[PDB]
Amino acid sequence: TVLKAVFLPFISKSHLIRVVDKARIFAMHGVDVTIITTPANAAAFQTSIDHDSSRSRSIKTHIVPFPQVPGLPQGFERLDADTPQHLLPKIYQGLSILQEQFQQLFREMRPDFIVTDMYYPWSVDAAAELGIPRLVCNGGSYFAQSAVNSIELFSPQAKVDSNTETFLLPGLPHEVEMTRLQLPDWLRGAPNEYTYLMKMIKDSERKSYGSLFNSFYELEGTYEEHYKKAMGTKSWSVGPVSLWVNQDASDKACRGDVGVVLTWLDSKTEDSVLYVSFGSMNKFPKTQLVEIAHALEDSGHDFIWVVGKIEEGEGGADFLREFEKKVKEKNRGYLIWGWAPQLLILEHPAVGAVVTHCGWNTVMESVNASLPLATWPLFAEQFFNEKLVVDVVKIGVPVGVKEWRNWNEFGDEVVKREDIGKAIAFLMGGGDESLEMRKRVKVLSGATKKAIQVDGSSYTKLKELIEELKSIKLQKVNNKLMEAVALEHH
């Protein structure tokens, strides 16, 4: 009959809200969904779950207490930027302890299939023990995963010396040039511990039923097909997930949480405000914040700056509080010190462009809101996402960042105010080339909205997947009938 699914999200904020939204999409289309999580993580999205159950979807959370770990204080259950760095491996250790409780819950709930974050590679074995399909949720774009596979297969970085020599990523449908410094540490040379984790994750994916991406075909459908052939797997684009289940203002306001900025926006003319955000994980050093502050002030344009994680005192916070005073004196700038209501802001007509670290969720949300991008990749797969934005679909301009760094370090590179200002001036300056870029993102904005409406590309992929899973459930029911009839004869 009715499919039953258990969803297992990860415990970093961006991954959590992406996989929770995928859970909400499945429940919107008839699946009886249970989301397993811990209290501090549930706090970020239980409100969204309550709104959904009122549209009488069958979706609920199942709260599991976070384990005791020596030296880990109570209440620390998330991997985000506000988390003190020495607690991260302990938090990850506590998550690992939960695996057996998760598996017991699978055996107790007996779902027809499970949908789990990529950071749970063992879940493919759990599903095989239960005899059910496991879907894996992958972060980021098909493009970025195609680029990673090109690096792994062809090693173009091995044939160059220096750090400024560009190389093509072979086999991709588009010509894409990068330097060795723009590759992740775990891909560049000898394996590190993350290289081995990624190997285990990709092996798990190859054994899984299929993968789910927050993507849509009009944006990067060529890479969706490329990726399926690179992996030899099934995959479905089911995005933009943020738009699909957060079309209401109340949902946009509460997403991932736990009005003054909206009144400020209401006072501005259309497309006049630059939105600046570097995602849920980034922490900039003071010297970088100084360059951004000067670039924003010197641009002459209105802006909202989501400052992200700031070191206290002379590590940045003192400077930003002084800068915030300055820019309120002119009514040109607005700083957001905590979690911003990103979906509500991007949809506001006053917003005209976005400075982004190329986190895939912000790229997708900006496309839906029809906003051109200034690209400032930092870590993870963001340098690959920049290539797609800048070189393939041409909806952004780069600030000019040269070097990948890990998420927990400041690196050696400081992007200077002049280079930031060049990107702002292009986006906000009204020149003809920027206007052609705005038209390109507008076309894609219309495509996003169509993709999740009835018989859009993402709607259809989800419908086809659910039909396959219904088919598998029914096959097992009819096989039991066949076995019982055979035992009757004898």
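For every residue, the number given is its place in the sequence shown, counted from 1.
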{"query": "Size class of the missing deposited segment between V258 and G259", "finding": "4 to 9"}
{"query": "Greater mean Cα temperature factor according to the PDB record, 32-40 or 48-56", "finding": "48-56"}
{"query": "Of 171-179 and 134-142, the stretch whose C-alpha atoms average the higher B-factor in the entry", "finding": "171-179"}
{"query": "Selection by C-alpha B-factor (highest) of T83, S123, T375, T362", "finding": "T83"}
{"query": "C-alpha B-factor winner, where the candidates are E381, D112, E225, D161", "finding": "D161"}
{"query": "Chain thirds of CA B-factor: placement of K309", "finding": "highest"}
{"query": "CA B-factor placement of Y459, once the chain's modelled residues are sorted into thirds", "finding": "lowest"}
{"query": "Ranked against its chain, the third holding the CA B-factor of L187", "finding": "highest"}
{"query": "Record-listed C-alpha B factor of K202: chain third", "finding": "middle"}
{"query": "Relative C-alpha B-factor of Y119, binned into the chain's lowest, middle or highest third", "finding": "lowest"}
